[PDB]
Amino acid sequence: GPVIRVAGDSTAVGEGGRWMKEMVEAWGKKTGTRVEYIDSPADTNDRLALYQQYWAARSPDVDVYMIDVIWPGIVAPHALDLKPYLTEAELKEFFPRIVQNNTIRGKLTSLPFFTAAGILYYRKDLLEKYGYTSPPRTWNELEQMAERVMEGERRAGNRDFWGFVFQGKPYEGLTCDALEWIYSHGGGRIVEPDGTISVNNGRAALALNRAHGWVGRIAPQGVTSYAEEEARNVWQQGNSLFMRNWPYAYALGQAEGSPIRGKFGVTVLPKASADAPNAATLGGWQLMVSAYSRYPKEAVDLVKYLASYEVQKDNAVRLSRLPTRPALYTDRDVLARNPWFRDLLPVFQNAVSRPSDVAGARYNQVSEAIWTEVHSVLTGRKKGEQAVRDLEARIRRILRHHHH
């Protein structure tokens, strides 16, 4: 009978691709339906270009796509409206914020699958070894701790040891890190939900100069080419005091044979001062049925299964990825495995979004300008002051005549 073909997640990032294919195969086995998994590149913006090839061709060759939180405004024409396939009570089992994110001009483009937010990973053993009893609350403290711990560990002979690793490659991940820097210095949201391009200000400038000041000092020079997995691999081998990353790194760090198993915790990212806002960029992925699927009914059944309570629970327990169902945050098994799901719930609830709603279908162009100008500051090519000014002008061009 039909073959239900799924493109979602990547075998190049942690266990997400492997686990995704396993779930899709379990749905196939359970329902007696043939399925195939199509693998994707690591980086979201590369996945977007890949999938856009299928969409442009109206291709029936993928039935189900895992789409980024930043995509609904872009991909809406390519999505089957799910709204008629769910009751109001079913829909309300998901967080309203994400359902709303996924709903474009009344169309429910996708079901919420897992959410994410940026967080600070930190080595507890190393903090204790150097006399610190809490992870840093401010960026200055992160720097001070990173310098002292690095000096010590280098002297003890770990020539691989760094203070801080993050995503500084020129891609969507840098847009994520950079929104956290700017917002946590009181510099705004780059583009505000009302359309105001606010990034040209002295706080945003300072946030970027500060990041520049990390490169080759407390962070490796090569951090300007790091995505999620490059940062994670330095961290996970035991070679970084701190890491900025998404929740999925926690379960990987705790796995049997991880050199850092039991040595780390997580907390909110630092901020410039006590009265700045906490910054955690909102991430996460959704499940879309293709408008070009020849098998909508079967594809919707697979998507409902993937987004169900027990599959999200498995995602939580085994891959430490955040559910999109409030009821899982009180589940005894989810919580015992990841107590920090409860500790940082308010951080996840206040996560700051990238400007995907306000930029809509032009978001990818906006983000590319953002990561290229930010990157120019990380490389030392421009100061923050010049970069935010150039960014403002580029975003103004990009969004001219665009209204939300």
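In this text, residue numbers run from 1 along the sequence as written.
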{"query": "Stretch with the greater mean C-alpha B-factor as recorded in the entry, comparing 150-158 against 95-103", "finding": "150-158"}
{"query": "Of 141-149 and 240-248, the one with larger mean CA B-factor", "finding": "141-149"}
{"query": "Selection by C-alpha B-factor (highest) of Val62, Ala359, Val35, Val352", "finding": "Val35"}
{"query": "Peak C-alpha temperature factor (PDB record), options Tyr54, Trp27, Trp371, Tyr363", "finding": "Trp27"}
{"query": "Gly16 - which third its CA temperature factor falls in, relative to the rest of the chain", "finding": "lowest"}
{"query": "Among modelled residues of the same chain, the CA temperature factor third for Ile190", "finding": "lowest"}
{"query": "CA B-factor placement of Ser308, once the chain's modelled residues are sorted into thirds", "finding": "middle"}
{"query": "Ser367 CA temperature factor, ranked by third within the chain", "finding": "lowest"}
{"query": "Ranked C-alpha temperature factor of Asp333 among modelled chain residues, by third", "finding": "middle"}
